[PDB]
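Just one chain is shown here, as structure tokens, and it is the form deposited in one PDB entry.
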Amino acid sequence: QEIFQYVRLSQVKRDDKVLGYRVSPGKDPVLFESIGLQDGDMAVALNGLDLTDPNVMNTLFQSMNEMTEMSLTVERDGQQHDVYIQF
């Protein structure tokens, strides 16, 4: 699957601790806009799992060829909602 078509991510850290990921537009505006992301959203979970747990994320990514969809939880103006990514 090609996450980079949908979104770009950068770390937001306190010292060496990752707090979440800043969202930037992916390669394809149709995907970024149709799923309702906005530049500067803060991504905090993927499929309900904490994005800041690298081993958990590694395991999830190893399975992604079997995935047909994902949810990205983002924080915007102090509120959270889920963004639905269709593969």
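Just count from 1 along the sequence shown to find any residue number. Between two forms, the rigid core is defined as the largest C-alpha subset superposing within 1.5 Å.
Enquirer: Which is higher on average in the deposited entry, the C-alpha temperature factors of 25-33 or of 57-65?
Expert: The entry gives the higher C-alpha B-factor average to 57-65.
Enquirer: Comparing 7-15 with 66-74, where is the mean C-alpha B-factor higher?
Expert: The deposited B-factors put 66-74 ahead on the C-alpha mean.
Quick note: we don't show the form deposited in another entry, though the next part is all about it.
Enquirer: Do you see a C-alpha shift of 2 Å or more at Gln11 between this form and the one not shown, with the core held fixed?
Expert: No, its C-alpha moves less than 2 Å.
Enquirer: Superposing on the rigid core, does the Cα of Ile35 end up 2 Å or more away between this form and the one not shown?
Expert: False for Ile35: its C-alpha shift is below 2 Å.
Enquirer: Is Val44 among the residues whose Cα moves by 2 Å or more between this form and the one not shown after superposition of the rigid core?
Expert: For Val44, whose C-alpha is compared between this form and the one not shown after core superposition, the shift is less than 2 Å.
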